[PDB]
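Presented below, as structure tokens, is a lone chain in the form deposited in one PDB entry.
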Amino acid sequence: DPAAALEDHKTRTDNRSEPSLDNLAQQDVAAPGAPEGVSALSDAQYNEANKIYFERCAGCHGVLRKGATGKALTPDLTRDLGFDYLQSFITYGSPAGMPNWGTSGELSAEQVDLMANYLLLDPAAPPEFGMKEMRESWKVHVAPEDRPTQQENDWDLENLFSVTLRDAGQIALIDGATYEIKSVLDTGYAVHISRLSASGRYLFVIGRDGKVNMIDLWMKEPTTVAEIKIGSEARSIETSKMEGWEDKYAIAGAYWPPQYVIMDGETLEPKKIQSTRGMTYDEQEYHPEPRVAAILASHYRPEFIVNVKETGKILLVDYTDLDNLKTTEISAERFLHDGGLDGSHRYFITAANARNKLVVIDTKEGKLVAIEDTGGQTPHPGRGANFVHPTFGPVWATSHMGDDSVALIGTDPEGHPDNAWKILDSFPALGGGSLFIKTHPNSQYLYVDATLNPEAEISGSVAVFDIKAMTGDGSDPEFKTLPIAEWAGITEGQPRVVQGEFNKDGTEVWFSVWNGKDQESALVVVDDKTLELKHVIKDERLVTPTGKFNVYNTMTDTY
């Protein structure tokens, strides 16, 4: 019955992070005709409903309504349910999106009826975005021959932090030692991720609207040297990291259209576009909207590592020959999202989040090695945290959005075979709603945020575990609670702390204290050796600070 929406359409700590296609939602669409038994919506009503659908519903159900974490809502199925059921179900609203910018999920009576009617109509597919469109958007501001041949500024590039100023469509380049904002650059769109070329010279940023900017850190005044648009909705980018292939290529992954694009690493020239439309790995059924999620780069072969979410495929894409394109399509687990390489950089460990699994790929052999349930609800590692557990040996850790657990997986088949690819321990941190876990080789500490927790004090704090004290005896390791938001001294709202990131030396860890666009935010720097406050970064330009990426740690995959 319609009351089942209380369990499936209310906000959880782990259902607020599905895609919001708010860039694609800005496109106007044509209202379709309605077959017998169905009523048409006017152009305005249909567009109003489409905008709501794309911003709030398509993340879980698809723009094409063929299903993602939520089931299919195609007209054959919804017409069988009928308007009355749909109206009653949708009256409850839908899950809230991310804090500070996402939807509340609340709908007016008029909006409820629009949505029920929209679901009974036949949707069109949004426009494709191919090579002609990419080349039209492709601009080389500074040709390679006109760029410097050596660093022409006096900055400490490897210790720089590239910080997303989300809602301002900017990034800040901040000195990792002095905390000086060296520059604020316009991207003109909200940036999701910063990634660095393997040499550390080129900074790549991708916006949620599919725009890519490439910045030359050697210029006297670093700026965008090239830009291109690669889709309508995108969230991932990466650079080539195989020895001998430094600075050769960049790759971007899109949600819409479902595709990835390999670009020249010096100019952003679009070289190869690959659709990710295809069959689910398990049921082997066609899926028309398999979004690209995280993208990593192999250190063992000249390949990109591409997660294809809805089909549960991990792609190893060999960039040595883009005409005779060699790929390995690895059947994994559905709902792949984020992940990272182990400490040796050989094995890719990724969360198939809605199925509570970690998938492990051997990037040297090009094959699946393991799939293990974490025992927690909805793992969300980011790139995760590699460390040497005093008892277990090399491990990789993840925290979870759906519960307070931290899980450890053994990552050393050669030296610790009995622990390899097994979940070795699971223990609580601050609370549900964690997004990022972090450590560094020079630190003895494991930091765990709780960004999406509904309790303000918890979402403004970070748990810190002492790795040296871990025994793996089955007890719950104690943790210190750092009052990060309190240290930032922000009076307004309930700012959420998110994502630890270390400096190059691994002696200081930064957190974003993230408030909304019209509120006060900060970055907080923690002294890793003492766990004491080192510095609070505030500036009128520091608007909605979210992701932070140290140049050295990002170029080298040190996590």
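We call the rigid core the largest set of C-alpha positions that still match within 1.5 Å between the two forms. Only residues modelled in both forms are compared. All residue numbers refer to positions in the sequence shown, first residue = 1.
We do not show the form deposited in another entry, though everything after this point is about it.
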- [ ] Scan 331, 91, 151, 426 for the one whose CA shifts by 2 Å or more between this form and the one not shown after superposing the rigid core, and name it.
- [x] 91
Open item on the list: Quick check on residue 507: with the core superposed, does its CA move 2 angstroms or more between this form and the one not shown?
Closed with: no
Task: Large Cα move at residue 104 between this form and the one not shown, threshold 2 Å, rigid core - done: yes
TODO: For residue 527, state whether the C-alpha moves by 2 Å or more between this form and the one not shown after rigid core superposition.
DONE: no
TODO: Using the form shown as baseline, tell whether residue 59 and residue 338 are closer or farther in Cα-Cα distance in that other deposited form, where the change reaches 3 Å or more.
DONE: farther
TODO: Might you say whether the CA atoms of residue 166 and residue 97 end up closer or farther apart in that other deposited form than in this form? Their distance differs by 3 Å or more.
DONE: closer
Task: Regions shifting between this form and the one not shown, defined as 3+ consecutive residues whose CA atoms all move 2 Å or more relative to the core - done: 34 to 125
